[PDB]
Amino acid sequence: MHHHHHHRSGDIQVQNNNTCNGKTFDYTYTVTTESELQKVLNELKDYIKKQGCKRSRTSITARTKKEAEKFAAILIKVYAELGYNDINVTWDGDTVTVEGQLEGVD
(Lines give C-alpha, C1' and ligand atoms only; values in the text may rest on other atoms or scores of the structure.)
Protein backbone atom coordinates (compact mmCIF):
# COMPACT_ATOMS: atom_id res chain seq x y z
CA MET A 1 0.00 0.00 0.00
CA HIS A 2 1.22 3.53 -0.96
CA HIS A 3 -1.86 5.50 -2.18
CA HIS A 4 -0.34 9.01 -2.73
CA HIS A 5 -2.88 11.91 -2.33
CA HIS A 6 -3.75 12.34 -6.05
CA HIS A 7 -6.48 14.44 -7.73
CA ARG A 8 -7.22 11.46 -10.13
CA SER A 9 -10.95 11.17 -9.26
CA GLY A 10 -12.19 7.55 -8.86
CA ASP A 11 -11.47 6.78 -5.18
CA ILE A 12 -14.00 6.92 -2.33
CA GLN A 13 -13.40 10.28 -0.53
CA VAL A 14 -15.12 10.12 2.89
CA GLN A 15 -15.21 13.69 4.40
CA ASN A 16 -16.94 14.26 7.80
CA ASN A 17 -17.96 17.84 8.65
CA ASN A 18 -19.08 17.96 12.34
CA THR A 19 -20.19 20.87 14.55
CA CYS A 20 -18.62 20.66 18.06
CA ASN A 21 -16.05 23.51 18.11
CA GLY A 22 -15.18 23.64 14.39
CA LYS A 23 -14.04 21.68 11.28
CA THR A 24 -10.68 21.27 13.15
CA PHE A 25 -12.29 17.87 14.10
CA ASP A 26 -12.77 16.86 10.37
CA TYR A 27 -12.55 13.09 9.54
CA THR A 28 -11.44 12.85 5.88
CA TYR A 29 -10.25 9.46 4.55
CA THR A 30 -9.55 8.45 0.91
CA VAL A 31 -9.95 4.69 0.19
CA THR A 32 -10.33 2.57 -3.01
CA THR A 33 -11.94 -0.55 -1.42
CA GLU A 34 -15.38 -1.23 0.24
CA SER A 35 -13.64 -3.14 3.10
CA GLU A 36 -11.38 -0.11 3.76
CA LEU A 37 -14.56 2.04 3.59
CA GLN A 38 -16.20 -0.14 6.32
CA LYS A 39 -12.99 0.16 8.44
CA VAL A 40 -12.67 4.00 8.23
CA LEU A 41 -16.46 4.49 8.88
CA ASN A 42 -16.40 2.16 11.96
CA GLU A 43 -13.51 4.28 13.32
CA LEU A 44 -15.16 7.61 12.20
CA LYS A 45 -18.22 6.47 14.23
CA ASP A 46 -16.00 6.10 17.36
CA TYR A 47 -14.83 9.73 16.86
CA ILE A 48 -18.39 11.23 16.56
CA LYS A 49 -19.31 9.27 19.75
CA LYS A 50 -16.20 10.57 21.62
CA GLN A 51 -16.73 14.29 20.76
CA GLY A 52 -19.79 16.41 21.70
CA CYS A 53 -21.16 16.16 18.15
CA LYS A 54 -24.68 17.68 18.20
CA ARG A 55 -24.92 16.60 14.55
CA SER A 56 -22.40 15.57 11.86
CA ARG A 57 -22.50 15.05 8.06
CA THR A 58 -20.37 12.34 6.43
CA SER A 59 -19.94 12.75 2.66
CA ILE A 60 -19.06 9.51 0.71
CA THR A 61 -18.11 9.54 -3.02
CA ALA A 62 -20.95 7.89 -5.01
CA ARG A 63 -21.19 9.17 -8.64
CA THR A 64 -23.60 6.44 -9.90
CA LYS A 65 -27.03 5.58 -8.39
CA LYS A 66 -25.65 2.05 -7.65
CA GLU A 67 -22.97 3.57 -5.37
CA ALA A 68 -25.62 5.97 -3.93
CA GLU A 69 -27.42 2.80 -2.70
CA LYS A 70 -24.54 0.58 -1.40
CA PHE A 71 -22.11 3.19 0.15
CA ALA A 72 -25.03 5.17 1.62
CA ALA A 73 -26.51 2.01 3.27
CA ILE A 74 -23.24 1.38 5.22
CA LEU A 75 -23.32 5.05 6.40
CA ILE A 76 -27.02 4.85 7.51
CA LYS A 77 -25.84 1.90 9.74
CA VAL A 78 -22.97 4.10 11.19
CA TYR A 79 -25.51 6.83 12.18
CA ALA A 80 -28.09 4.23 13.38
CA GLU A 81 -25.49 2.89 15.92
CA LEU A 82 -24.80 6.47 17.19
CA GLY A 83 -28.57 7.13 17.32
CA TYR A 84 -31.10 4.26 16.94
CA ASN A 85 -33.50 6.41 14.85
CA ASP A 86 -34.64 6.88 11.24
CA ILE A 87 -31.64 8.20 9.23
CA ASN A 88 -31.73 10.58 6.19
CA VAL A 89 -30.06 9.62 2.86
CA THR A 90 -29.36 12.75 0.73
CA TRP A 91 -27.43 12.42 -2.58
CA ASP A 92 -26.64 15.54 -4.70
CA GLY A 93 -25.34 13.68 -7.79
CA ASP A 94 -21.66 12.81 -7.02
CA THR A 95 -21.53 12.43 -3.19
CA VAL A 96 -23.99 11.08 -0.53
CA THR A 97 -24.13 13.45 2.49
CA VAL A 98 -26.06 11.95 5.45
CA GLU A 99 -27.26 14.56 8.04
CA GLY A 100 -30.42 14.85 10.21
CA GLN A 101 -33.78 13.35 9.10
CA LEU A 102 -36.30 14.46 6.40
CA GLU A 103 -39.68 15.74 7.80
CA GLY A 104 -42.96 17.15 6.38
CA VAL A 105 -42.07 17.51 2.66
CA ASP A 106 -41.05 13.92 1.73
# chains A, B, ... in the order shown; residues from 1 in each chain; ligands from 1
>>> residues_around(residues="region 86-90 of chain A", least_positions_apart="3", cutoff="10 Å", atoms="only C-alpha atoms", output="PyMOL selection string")
chain A and resi 59+68-69+72-73+75-80+83+93+95-103
>>> write_last_selection(atoms="N, CA, C and O atoms", output="PDB file, in the first residue's frame")
ATOM      1  N   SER A  59     -19.789  12.719   4.104  1.00  0.00           N
ATOM      2  CA  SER A  59     -19.940  12.746   2.656  1.00  0.00           C
ATOM      3  C   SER A  59     -19.091  11.615   2.047  1.00  0.00           C
ATOM      4  O   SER A  59     -17.877  11.604   2.211  1.00  0.00           O
ATOM      5  N   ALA A  68     -24.722   5.175  -4.785  1.00  0.00           N
ATOM      6  CA  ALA A  68     -25.620   5.971  -3.928  1.00  0.00           C
ATOM      7  C   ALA A  68     -26.537   5.083  -3.067  1.00  0.00           C
ATOM      8  O   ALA A  68     -27.132   5.556  -2.100  1.00  0.00           O
ATOM      9  N   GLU A  69     -26.691   3.817  -3.472  1.00  0.00           N
ATOM     10  CA  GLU A  69     -27.417   2.804  -2.700  1.00  0.00           C
ATOM     11  C   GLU A  69     -26.489   2.118  -1.677  1.00  0.00           C
ATOM     12  O   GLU A  69     -26.733   2.178  -0.468  1.00  0.00           O
ATOM     13  N   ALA A  72     -24.093   4.457   0.756  1.00  0.00           N
ATOM     14  CA  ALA A  72     -25.026   5.174   1.622  1.00  0.00           C
ATOM     15  C   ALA A  72     -25.562   4.253   2.720  1.00  0.00           C
ATOM     16  O   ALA A  72     -25.605   4.651   3.878  1.00  0.00           O
ATOM     17  N   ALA A  73     -25.929   3.008   2.340  1.00  0.00           N
ATOM     18  CA  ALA A  73     -26.506   2.013   3.267  1.00  0.00           C
ATOM     19  C   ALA A  73     -25.590   1.783   4.482  1.00  0.00           C
ATOM     20  O   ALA A  73     -26.046   1.862   5.627  1.00  0.00           O
ATOM     21  N   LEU A  75     -23.385   3.790   5.642  1.00  0.00           N
ATOM     22  CA  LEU A  75     -23.321   5.047   6.398  1.00  0.00           C
ATOM     23  C   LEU A  75     -24.590   5.272   7.254  1.00  0.00           C
ATOM     24  O   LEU A  75     -24.511   5.841   8.349  1.00  0.00           O
ATOM     25  N   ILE A  76     -25.758   4.816   6.750  1.00  0.00           N
ATOM     26  CA  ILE A  76     -27.023   4.852   7.508  1.00  0.00           C
ATOM     27  C   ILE A  76     -26.894   3.945   8.758  1.00  0.00           C
ATOM     28  O   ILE A  76     -27.410   4.288   9.824  1.00  0.00           O
ATOM     29  N   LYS A  77     -26.165   2.807   8.610  1.00  0.00           N
ATOM     30  CA  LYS A  77     -25.836   1.905   9.741  1.00  0.00           C
ATOM     31  C   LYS A  77     -24.975   2.639  10.794  1.00  0.00           C
ATOM     32  O   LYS A  77     -25.296   2.592  11.981  1.00  0.00           O
ATOM     33  N   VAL A  78     -23.912   3.335  10.326  1.00  0.00           N
ATOM     34  CA  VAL A  78     -22.974   4.103  11.187  1.00  0.00           C
ATOM     35  C   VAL A  78     -23.734   5.087  12.109  1.00  0.00           C
ATOM     36  O   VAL A  78     -23.508   5.129  13.325  1.00  0.00           O
ATOM     37  N   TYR A  79     -24.658   5.839  11.493  1.00  0.00           N
ATOM     38  CA  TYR A  79     -25.507   6.828  12.181  1.00  0.00           C
ATOM     39  C   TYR A  79     -26.567   6.153  13.067  1.00  0.00           C
ATOM     40  O   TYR A  79     -26.921   6.688  14.121  1.00  0.00           O
ATOM     41  N   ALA A  80     -27.054   4.975  12.639  1.00  0.00           N
ATOM     42  CA  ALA A  80     -28.087   4.225  13.377  1.00  0.00           C
ATOM     43  C   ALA A  80     -27.518   3.602  14.674  1.00  0.00           C
ATOM     44  O   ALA A  80     -28.275   3.286  15.587  1.00  0.00           O
ATOM     45  N   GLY A  83     -27.217   6.716  16.977  1.00  0.00           N
ATOM     46  CA  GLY A  83     -28.566   7.132  17.321  1.00  0.00           C
ATOM     47  C   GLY A  83     -29.559   6.210  16.651  1.00  0.00           C
ATOM     48  O   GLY A  83     -29.722   6.282  15.430  1.00  0.00           O
ATOM     49  N   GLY A  93     -25.617  14.124  -6.424  1.00  0.00           N
ATOM     50  CA  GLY A  93     -25.337  13.678  -7.786  1.00  0.00           C
ATOM     51  C   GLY A  93     -23.951  13.068  -7.943  1.00  0.00           C
ATOM     52  O   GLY A  93     -23.696  12.364  -8.921  1.00  0.00           O
ATOM     53  N   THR A  95     -21.896  12.762  -4.578  1.00  0.00           N
ATOM     54  CA  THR A  95     -21.525  12.429  -3.195  1.00  0.00           C
ATOM     55  C   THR A  95     -22.790  12.328  -2.310  1.00  0.00           C
ATOM     56  O   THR A  95     -23.681  13.182  -2.396  1.00  0.00           O
ATOM     57  N   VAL A  96     -22.877  11.269  -1.478  1.00  0.00           N
ATOM     58  CA  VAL A  96     -23.988  11.082  -0.528  1.00  0.00           C
ATOM     59  C   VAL A  96     -23.609  11.705   0.826  1.00  0.00           C
ATOM     60  O   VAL A  96     -22.690  11.225   1.497  1.00  0.00           O
ATOM     61  N   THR A  97     -24.318  12.772   1.206  1.00  0.00           N
ATOM     62  CA  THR A  97     -24.127  13.455   2.487  1.00  0.00           C
ATOM     63  C   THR A  97     -25.315  13.131   3.411  1.00  0.00           C
ATOM     64  O   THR A  97     -26.451  13.527   3.135  1.00  0.00           O
ATOM     65  N   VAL A  98     -25.046  12.374   4.479  1.00  0.00           N
ATOM     66  CA  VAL A  98     -26.061  11.947   5.454  1.00  0.00           C
ATOM     67  C   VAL A  98     -26.025  12.871   6.685  1.00  0.00           C
ATOM     68  O   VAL A  98     -25.018  12.916   7.397  1.00  0.00           O
ATOM     69  N   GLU A  99     -27.120  13.633   6.895  1.00  0.00           N
ATOM     70  CA  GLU A  99     -27.258  14.558   8.036  1.00  0.00           C
ATOM     71  C   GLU A  99     -28.749  14.731   8.384  1.00  0.00           C
ATOM     72  O   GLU A  99     -29.579  14.942   7.484  1.00  0.00           O
ATOM     73  N   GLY A 100     -29.062  14.636   9.693  1.00  0.00           N
ATOM     74  CA  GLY A 100     -30.420  14.848  10.212  1.00  0.00           C
ATOM     75  C   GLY A 100     -31.428  13.787   9.770  1.00  0.00           C
ATOM     76  O   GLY A 100     -31.070  12.613   9.584  1.00  0.00           O
ATOM     77  N   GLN A 101     -32.696  14.212   9.605  1.00  0.00           N
ATOM     78  CA  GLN A 101     -33.783  13.355   9.101  1.00  0.00           C
ATOM     79  C   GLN A 101     -34.813  14.242   8.372  1.00  0.00           C
ATOM     80  O   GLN A 101     -35.136  15.340   8.842  1.00  0.00           O
ATOM     81  N   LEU A 102     -35.295  13.762   7.213  1.00  0.00           N
ATOM     82  CA  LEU A 102     -36.302  14.461   6.402  1.00  0.00           C
ATOM     83  C   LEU A 102     -37.673  14.433   7.117  1.00  0.00           C
ATOM     84  O   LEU A 102     -38.087  13.390   7.630  1.00  0.00           O
ATOM     85  N   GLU A 103     -38.358  15.589   7.154  1.00  0.00           N
ATOM     86  CA  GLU A 103     -39.680  15.742   7.802  1.00  0.00           C
ATOM     87  C   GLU A 103     -40.614  16.580   6.910  1.00  0.00           C
ATOM     88  O   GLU A 103     -40.144  17.366   6.073  1.00  0.00           O
TER      89      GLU A 103
END
>>> select_by_dssp(residues="region 7-100 of chain A", states="strand (DSSP E or B)", output="list in words")
residues 12, 13, 14, 15, 16, 17, 18, 19, 27, 28, 29, 30, 31, 55, 56, 57, 58, 59, 60, 61, 90, 91, 95, 96, 97 and 98 of chain A
>>> select_by_dssp(residues="chain A", states="alpha helix (DSSP H)", output="count of residues only")
35
>>> atom_distance(atom1="CA of residue 21 (chain A)", atom2="CA of residue 51 (chain A)")
9.6 Å
